[PDB]
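Protein chains in written order, with PDB author numbering: chain A, 25 to 46, 52 to 342, 358 to 499, 505 to 518; chain B, 23 to 46, 54 to 246, 255 to 354, 368 to 503, 508 to 521.
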Ligand SMILES: *[C@@H]1O[C@H](CO)[C@@H](O)[C@H](O)[C@H]1NC(C)=O
Ligand SMILES: *[C@@H]1O[C@H](CO)[C@@H](O)[C@H](O)[C@H]1NC(C)=O
Ligand SMILES: *[C@@H]1O[C@H](CO)[C@@H](O)[C@H](O)[C@H]1NC(C)=O
Ligand SMILES: *[C@@H]1O[C@H](CO)[C@@H](O)[C@H](O)[C@H]1NC(C)=O
Ligand SMILES: *[C@@H]1O[C@H](CO)[C@@H](O)[C@H](O)[C@H]1NC(C)=O
Ligand SMILES: *[C@@H]1O[C@H](CO)[C@@H](O)[C@H](O)[C@H]1NC(C)=O
Ligand SMILES: *[C@@H]1O[C@H](CO)[C@@H](O)[C@H](O)[C@H]1NC(C)=O
Ligand SMILES: *[C@@H]1O[C@H](CO)[C@@H](O)[C@H](O)[C@H]1NC(C)=O
Ligand SMILES: *[C@@H]1O[C@H](CO)[C@@H](O)[C@H](O)[C@H]1NC(C)=O
Ligand SMILES: *[C@@H]1O[C@H](CO)[C@@H](O)[C@H](O)[C@H]1NC(C)=O
Ligand SMILES: *[C@@H]1O[C@H](CO)[C@@H](O)[C@H](O)[C@H]1NC(C)=O
Ligand SMILES: *[C@@H]1O[C@H](CO)[C@@H](O)[C@H](O)[C@H]1NC(C)=O
Ligand SMILES: *[C@@H]1O[C@H](CO)[C@@H](O)[C@H](O)[C@H]1NC(C)=O
Ligand SMILES: *[C@@H]1O[C@H](CO)[C@@H](O)[C@H](O)[C@H]1NC(C)=O
Ligand SMILES: *[C@@H]1O[C@H](CO)[C@@H](O)[C@H](O)[C@H]1NC(C)=O
């Protein structure tokens with residue numbers, strides 16, 4: 025199968041291959062959930078990276094890099110995987126005071142795509158100091174290394190996402206916005222971070238509301254119907270026309286259906302990293318009348334031959365509907381480029397480079413020595429190399445400075461669905477290279493979202514609001 | 023003193039234990062905590078007393094010995110993660126297999142008495158969820174631990190934060206304060222309290238004028262924003278240190294008196310009451326736990342500490371190396387602690403669940419194979435167990451149900467005394483004719499907004519209107 029490749033040194037992987045689309054004695058396996066195409070694309074990216082590494086005779090020569098990809102659920106199953114990774118070849122995990130001489134089944138694990146699952150896995154792995162590079166995880170709590178000694182990353186934290194959002198707001202002069210968060214911890218944390226960041230940059234939030242937890246493809250009670258109509262009515266009543274949404278892509282279906290039903294138009298929606306590059310949400314094509322959609326993503330890096338590789342191709361380690369589900373998504377995924385695929389690619393290559401440096405081989409046979417995970421983690425901090433004309437090195441707080449990009453949703457099946465309109469550089473914390481953006485206004489006039497026209506006594510709590518005298 | 027030798031006792035169905043016995054790496058080595066914590070040792074002694082008394086009983090678990098394996102956990106999760114792995118290893122073996130599901134496991138401990146810390150309880154509960162090991166925790170009162178989706182085998186003996194936040198919301202609604210400000214600590218506790226109270230208020234009509242966080246020892258900006266709205270009722274769901282820092286700053290800044298709603302964290306803390314000038318900051322109205330206490334715990338602990346010094350008993354008979375070089379005066383201060391009853395009741399609840407699972411009767415227990423830990427979950431939900439003559443029950447969501455007392459700080463000679471003015475039991479009842487308010491006369495402070503009216511929407515949630 026494609027979940028297992030034998031090799032001298034294994035490489036664990038945790039990918040969200042399924043999502044809860046709708052008795053504790055029986056455990057619901059991740060197999061029966063609906064297929065998530067993004068997780069399968071990321072798994073294909075990691076497999077392609079491993080195969081490319083094995084192809085080259087200049088990187089890890091004479092040593093076959095294997096991997097053991099397992100399917101982690103969003104939240105459901107995240108203990109068994111790590112137990113399987115840490116056990117020996119006999120599925121037995123010894124317990125001892127010291128783990129220095131202990132060798133596990135895998136030498137490094139490409140972490141999950143969820144902040145909470147990454148936190149749980151890192152808390153489990155802190156004992157063994159197993160190297161773990163996560164992708165598409167933005168929780169700020171993962172930056173400190175006191176409680177996550179063996180955690181790395183290949184994407185900037187939430188601070189850079191919020192900074193890019195605030196810079197975009199400042200460039201187009203919006204000082205009156207509405208923030209919508211989800212009931213889960215990610216949405217609340219991101220909303221609080223945005224509020225703290227924006228309270229000191231002379232931009233005032235009109236109000237903040239929480240969208241109820243709402244998996245699609247399910248029957249929703251009248252209470253949450255009332256909550257949704259109340260939220261949308263408050264949205265339409267307010268004069269702010271810039272809405273920033275911090276919610277997983279699963280929840281927003283019911284909210285967007287509700288606002289479409291309410292016929293509210295003329296707002297600039299700013300998307301978080303979670304649903305900025307959702308193809309299964311962008312395919313709706315009925316949101317074109319809701320205004321302009323923007324989002325904060327990782328720069329698209331064109332990986333040569335990845336699309337061709339994707340097209341040519358124990359328990360909780362097999363999925364059947366993935367290929368058929370992603371077949372219908374081949375065109376849009378090919379056109380949209382690689383944003384988190386590059387993150388997984390770079391994580392796998394960083395692990396390979398760390399292993400190559402640790403083994404100490406130079407374009408010839410390696411020393412084929414025994415490697416302990418803590419040694420690999422120690423050697424993985426100093427990796428520095430050029431990869432697809434990009435520099436990959438880790439900050440002291442375990443982050444990789446990969447440039448962000450503000451992307452705009454356009455609905456043209458013959459062109460790129462997510463068109464880059466701005467570039468954000470985390471190192472200098474500056475947003476530049478802004479290009480032409482197709483607005484929803486009559487002559488492309490930039491949308492006006494200010495709570496008071498420029499004139505002076507203040508009215509209300511917010512400084513941004515006043516009345517001309 | 024041979025005190026640490028009592029941390030393990032053999033029996034038919036041994037028990038687990040995670041206690042804060044001690045307090046505080055480029056190699057994968059477990060950290061070692063050498064400093065001694067009195068609260069952890071006292072809680073360990075409380076659970077030991079519970080187990081010993083239960084084994085003394087003939088009606089409960091007849092003919093069977095109940096063991097325990099106490100384990101030292103610091104505030105860190107790394108130190109406490111190993112003991113869980115030891116807990117779920119097979120009996121007689123130090124290796125834990127990586128099976129597909131829970132049904133193939135044979136843990137050596139029937140249950141686990143979870144950690145006191147909330148974040149450590151989160152980690153341990155998430156770990157125990159996979160194996161469906163029934164873990165009951167004391168003092169871990171966060172609300173997200175009640176989600177049965179991710180904690181199918183986590184219980185508790187202390188009320189959750191949701192109960193006290195619902196009591197606070199009902200207090201605001203009954204008194205007519207529908208225009209309030211909500212604050213909380215920058216840590217997990219305050220953030221979760223704010224997240225719960227936002228939904229509770231939105232459901233109950235009250236809405237938040239300003240929702241902010243007070244950083245742990255910025256605060257100037259937080260109270261300035263609180264001033265910017267004319268709100269006379271502020272809910273402070275903060276820990277001891279953050280609340281104390283905010284109160285000290287407001288004492289230095291001479292902020293106007295307001296009706297502060299107090300969480301259980303700083304309502305009873307002497308650090309905040311003893312702050313000079315606190316009497317000039319309005320009434321403090323909080324909800325306090327109404328729970329019993331172990332009457333015989335101090336006698337048991339003093340007689341056991343006296344008995345442990347005798348060499349004969351020790352010869353007749368490490369996890370906590372610093373638990374041996376200790377005097378009674380190092381634990382005498384915290385003898386009258388509430389959490390001891392929580393630990394005792396948790397142990398009693400686990401024993402009662404085991405007794406029900408085996409279908410034992412008064413004379414004895416029927417012969418059968420050992421009961422797996424996951425079999426306890428069926429008889430542990432919706433379970434009524436008696437602890438010291440007072441019945442207790444586990445909700446369908448795994449929380450105990452107990453009452454609350456609405457207390458206010460009554461000032462007399464700059465010595466604040468807590469006074470009972472109300473009682474929350476799911477439906478708040480208050481006696482407002484006795485409450486002594488801080489205004490110029492004895493009139494209830496007014497903090498209400500107009501939701502109907508020219509209208510200018512105001513509030514953090516766009517609720518009210520400025521007619
Ligand atoms: C546990 O996994 C085993 C694997 O052999 C399977 O037979 C059994 O049905 C599973 N039990 C569950 C999912 O409750
Ligand atoms: C190189 O990798 C490709 C897939 O990327 C694979 O089909 C091929 O067998 C590998 N080796 C050579 C020599 O092309
Ligand atoms: C509930 O679910 C059923 C079955 O999917 C569907 O036919 C129905 O429209 C849904 N809604 C209501 C209000 O019954
Ligand atoms: C807008 O949506 C409303 C609400 O469903 C609908 O009644 C109406 O026909 C739509 N169109 C216009 C032009 O109002
Ligand atoms: C996208 O939407 C179209 C139009 O409704 C639909 O036919 C199709 O199944 C959707 N999904 C795709 C192309 O993956
Ligand atoms: C995918 O769909 C094809 C028809 O296009 C069908 O023959 C095949 O069995 C499907 N494969 C699955 C469900 O794995
Ligand atoms: C990585 O190497 C490049 C090229 O030599 C250099 O510019 C860059 O500063 C290096 N980074 C680190 C962190 O040493
Ligand atoms: C848009 O621009 C065109 C071209 O200058 C002009 O003729 C037209 O009046 C403008 N429309 C509006 C609504 O300003
Ligand atoms: C158990 O009972 C014995 C006498 O039968 C008594 O000495 C001992 O203290 C009791 N243990 C307790 C109350 O923990
Ligand atoms: C209280 O605040 C003052 C003024 O900033 C500060 O100097 C002092 O240290 C604080 N007191 C305490 C006990 O923290
Ligand atoms: C806070 O509020 C009062 C009453 O509105 C105001 O007079 C005062 O200046 C403000 N600031 C302080 C530090 O008390
Ligand atoms: C016991 O108390 C003494 C006196 O307070 C103290 O010095 C000593 O450190 C304590 N023992 C401990 C903490 O083990
Ligand atoms: C109680 O259990 C014992 C032990 O098996 C059994 O002999 C007895 O019949 C049961 N009932 C009573 C009333 O003692
Ligand atoms: C279970 O709960 C039901 C409904 O709350 C209650 O009537 C019943 O007595 C409970 N079962 C017990 C306590 O065994
Ligand atoms: C709660 O207390 C009220 C009186 O304040 C009483 O009427 C009610 O029955 C009590 N409810 C319970 C469940 O004890």
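All C-beta atoms in this analysis are idealised placements derived from N, C-alpha and C, irrespective of residue type, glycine included.
If you compare the alpha carbons of A/156, A/111 and A/135 with that of residue 111 of chain B, the shortest gap goes to A/156.
Positions of the beta strand (DSSP E) runs, each at least 3 residues long and wholly inside the segment 464-494 of chain B, are given as 467-474 in order along the chain. One thing to note: residue 238 of chain B has its Cβ within 9 Å of the Cβ of residue 514 of chain B. For the C-beta of residue 407 of chain A, not a single chain B residue is nearer than 7 Å; the gap to the nearest is close to 30 Å. Interface annotation for the segment 116-134 of chain B against chain A: 118, 123, 124, 125, 126, 127, 128, 129, 130 and 131, criterion Cβ-Cβ distance under 8 Å.
Neighbourhood of ligand 13, defined by CB distance below 7 Å to any of its heavy atoms: B/410, B/411, B/412, B/413, B/414, B/415, B/416 and B/417, in chain order.
The set of residues with CB atoms less than 7 Å from any heavy atom of ligand 7 reads, in chain order, A/428, A/435 and A/437. Residues of chain A whose Cβ lies closer than 9 Å to the Cβ of residue 102 of chain B do not exist; the shortest such Cβ separation is about 13 Å. At a C-beta separation below 7 Å, residue 359 of chain A has these neighbours in chain B: 129. A heavy atom of ligand 9 is found nearer than 8 Å to the CB of residue 81 of chain B. For the pair of segments examined, the segment 212-226 of chain B was found not to touch the segment 480-487 of chain B: the number of CB pairs separated by less than 8 Å stays below three. Using a Cβ-Cβ cut-off of 9 Å, residue 60 of chain A does not count as an interface residue toward chain B, since no Cβ of chain B sits closer than that to its own. Around the beta carbon of residue 341 of chain A, fewer than 16 other beta carbons sit within 10 angstroms, so the residue counts as exposed. A straight line joining the alpha-carbon of residue 172 of chain A with that of residue 34 of chain B spans about 46 Å.
Classified as buried, residue 449 of chain A has 16 or more neighbouring CB atoms from the shown chains inside 10 Å of its CB.
For residue 515 of chain B, a Cβ of chain A is located within less than 9 Å of the residue's own Cβ.
Not flagged as an interface residue toward chain A: residue 444 of chain B, since no C-beta distance is shorter than 9 Å.
Close to chain B, meaning a Cβ-Cβ distance shorter than 8 Å, are the following residues of the segment 145-179 of chain A: 149, 152, 153, 155, 156, 157, 158, 176 and 178. Contacts with chain B at 9 Å (Cβ-Cβ) do not include residue 423 of chain A. For residue 39 of chain A, the uninterrupted beta strand (DSSP E) run begins and ends at 34-39, by DSSP. Among the residues facing chain A, residue 110 of chain B is included, as its CB has a counterpart in that chain under 9 Å away. In chain B, no part has a C-beta under 8 Å from the C-beta of residue 253 of chain A; the shortest such distance is about 12 Å.
Residue 114 of chain B reaches chain A at 122, 124 and 156, counting residues in chain order whose Cβ is nearer than 9 Å.
According to the DSSP assignment, residue 123 of chain B belongs to no alpha helix (DSSP H), since it is labelled neither H nor E. Between the segment 474-482 of chain B and the segment 382-400 of chain B, the count of C-beta pairs closer than 8 Å stays below three; the two stretches do not touch. Within the segment 202-231 of chain B, the complete beta strand (DSSP E) runs of at least 3 residues fall at 208-214.
In this model, residue 187 of chain A and residue 470 of chain A are separated by some 11 Å (Cα to Cα). With 16 or more other Cβ atoms inside 10 Å of its own Cβ, residue 66 of chain A counts as buried. Flagged as an interface residue toward chain A: residue 152 of chain B, by a C-beta distance shorter than 9 Å. For a Cβ distance threshold of 9 Å, nothing in chain A lies close to residue 295 of chain B: the least Cβ distance comes to about 16 Å. Runs of the beta strand (DSSP E) lying entirely within the segment 280-310 of chain A and spanning at least 3 residues, in chain order: 296-300.
In this structure, the CA atom of residue 242 of chain A is about 27 Å from the CA atom of residue 200 of chain B.
The criterion of a C-beta distance shorter than 9 Å is satisfied by residue 89 of chain B and residue 83 of chain B.
Proximity of the beta carbon of residue 462 of chain A to ligand 5 is not indicated: no heavy atom of the ligand is located closer than 8 Å. Check the Cα spacing between residue 135 of chain A and each of A/420, A/194, A/231 and A/489: the tightest is with A/420.
The secondary-structure analysis by DSSP pairs residue 211 of chain A across a beta bridge with A/240.
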